[PDB]
Amino acid sequence: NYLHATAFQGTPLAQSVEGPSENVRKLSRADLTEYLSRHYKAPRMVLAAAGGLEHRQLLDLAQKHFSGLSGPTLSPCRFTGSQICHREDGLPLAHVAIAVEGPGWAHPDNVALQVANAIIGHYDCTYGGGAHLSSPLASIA
Amino acid sequence: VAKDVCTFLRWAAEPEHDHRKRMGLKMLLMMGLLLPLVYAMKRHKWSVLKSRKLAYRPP
């Protein structure tokens with residue numbers, strides 16, 4: 001939450017999903033219903049299904065119940081090179097999160113970046129590999 | 001006659017005079033360049049700290 005808040009500061013991406021306590025305590029039913037009718041619209045929605053089913057049947061069921069569904073562009077978000085340091089010595093382990101600005105959903109570079117992220121990979125103290133782990137970061141860690 | 005001999009005795013005592021002052025000009029100019037550049041480099045690195053805000057958030 002802090003990473004986003006500092007990374008995308010002064011935009012809607014800095015915002016937490018849950019909202020500040022102030023908003024939770026004050027949001028009336030008027031706010032909720034207005035939010036709904038503005039954002040929950042057929043072209044901004046997808047009905048997905050998987051398992052044992054004929055696609056044709058789903059589409060007809062969509063007709064039957066989702067026909068009443070009605071029919072707000074996102075501004076880009078400014079990334080900022082920034083730091084947020086909540087110092088709390090009373091807690092027993094330190095959490096650090098660091099990131100550069102990524103390309104976003106569409107961009108093909110994401111595939112190559114996933115390959116690179118897989119090289120470095122991930123680790124925790126219960127992993128079987130230890131020293132012999134393939135990732136140099138993991139084996140050193 | 002006095003003016004001339006003094007000018008010679010000045011050079012006698014201090015042959016370096018002309019070179020010294022040539023170097024002085026080149027020093028003043030380079031310092032004119034480097035001081036505000038190094039000062040800018042200083043403010044650049046320090047800008048992380050000059051900008052920073054603190055907040056005390058007890059439970």
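What counts as what
Throughout, residue numbers begin from 1 within each chain and advance along the sequence as written. They need not agree with those in the entry, and any residue without coordinates is left out. Throughout, the order in which chains and ligands are written sets their labels, letters from A for the former and numbers from 1 for the latter. Part of a larger assembly is shown, with all reported values restricted to the visible chains. The side-chain quantities take in all heavy atoms of the structure and omit both hydrogens and water. Residues with missing side-chain atoms are left out of burial classes, side-chain pairs and their counts. UniProt positions are given in the numbering used here, feature names are shortened, and annotations may be inferred rather than shown by experiment. We count a stretch as a helix when DSSP gives it H or I for four or more residues in a row; a strand needs E for two or more, and each element gets its number in order from the N terminus. Within this document, salt bridges are pairs made up of a side-chain nitrogen of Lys or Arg and a carboxyl oxygen of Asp or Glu, the two lying within 4 Å of each other. Think of it in three bands: residues with accessible area under 20% of the maximum for their type are buried, residues over 50% are exposed, and the middle band is partly exposed, with areas taken using a 1.4 Å probe on protein chains only. Put simply, a patch holds well-exposed residues, over 30% relative accessible area, that have no salt bridge, with like charges counted together within 9 Å and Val, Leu, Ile, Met, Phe, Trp or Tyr side chains within 5 Å. Surface accessibility follows the Shrake-Rupley procedure with a 1.4 Å probe radius. Residue values consider only the protein chains on display as shielding.

Method information in the entry identifies X-ray crystallography as the source of the structure, with 3.5000 Å recorded as the resolution.

Where the PDB entry is consulted, chain B appears under the name Cytochrome c1, heme protein, mitochondrial, with the organism given as Bos taurus. The title assigned to this entry in its PDB record is "Crystal structure of bovine cytochrome bc1 in complex with tetrahydro-quinolone inhibitor JAG021".

As recorded by the PDB entry, chain A carries the name Cytochrome b-c1 complex subunit 1, mitochondrial and is attributed to Bos taurus.

S.K.: Outline the UniProt feature "transmembrane region" in chain B, listing residues and values.
M.R.: In this structure's numbering, the residues bearing the UniProt feature "transmembrane region" are residues 17–50 of chain B. Spanning residues 17–50 of chain B, this segment combines 100% helix with 0% strand, and its end C-alpha atoms are found 45 Å apart.

S.K.: Could you give an account of the pattern of salt bridges, naming the residues involved and the relevant values?
M.R.: This structure, assessed with the given rule, holds four salt bridges over all chains. The salt bridge partner of A:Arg87 is A:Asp89, with a shortest N-O separation of 3.0 Å. By the burial criterion, A:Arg87 is exposed, and A:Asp89 matches it. Of the charged contacts, one joins B:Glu14 and B:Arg10 as a salt bridge, the two residues approaching to 3.4 Å between their closest N and O atoms. Given a relative accessible area of 48%, B:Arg10 falls into the partly exposed group. Overlapping salt bridges, with partners in common, bring together B:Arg10, B:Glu14 and B:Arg20 in one network.

S.K.: Quick one: what's the story with the environment of B:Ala2, residue by residue and with numbers?
M.R.: Structurally, the position occupied by B:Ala2 is in helix α1 (residues 2–13). Look at B:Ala2 and you get exposed, because its relative accessible area is 53%.

S.K.: Talk me through a nonpolar patch on the surface; I want residue IDs and the actual numbers.
M.R.: All names here are of chain A. Where nonpolar side chains cluster on the molecular surface, the patch consists of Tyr35, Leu36, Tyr40, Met45, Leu47, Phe66 and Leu69 and spans about 670 Å² of accessible area. Considering the arrangement of structural elements, one finds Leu36 in helix α3 (residues 29–39). Residue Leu36 is classed as partly exposed on the basis of its relative accessible area of 36%.

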